[PDB]
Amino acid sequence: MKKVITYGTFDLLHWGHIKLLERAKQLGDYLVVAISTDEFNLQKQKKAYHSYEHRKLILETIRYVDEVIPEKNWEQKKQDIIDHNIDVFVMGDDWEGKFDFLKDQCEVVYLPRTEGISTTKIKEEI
């Protein structure tokens, strides 16, 4: 079984998020999404409209998502790859090159973001 992992907040779920999940899932057989907890968001001074419990709840109903785990800090990535036996690590290309140190443990793939949509723009346009 080829396991894939990706990290993010997924606060006001939009089509850009969906396209990412779609493409990440097609890189394996099982997709795990690690999402920022509310404590971690506070550390990043990036408050999410929806709580961790609600963001997880909604993510768990998306066809592409197999499992959702909490992202509590910046450092947990290497152990997650080990703990969950991850074969593919996927991130948006705005992180291009940042996680190349994980390549000795799994395949690292940077997918281009979907243009014209993001959670802050939604908030700014409201």
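The first residue of the sequence shown is number 1, and the count goes up from there.
- When 91 to 99 is weighed against 36 to 44, 91 to 99 comes out higher, by mean CA B-factor as recorded in the entry.
- Of the two segments, 115 to 123 and 3 to 11, the one listed with the higher mean B-factor is 115 to 123 (C-alpha atoms only).
- Across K78, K72, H84, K56, the greatest Cα temperature factor reported in the deposited entry is at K78.
- When the modelled residues of the chain are ordered by C-alpha B-factor, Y30 sits in the lowest third.
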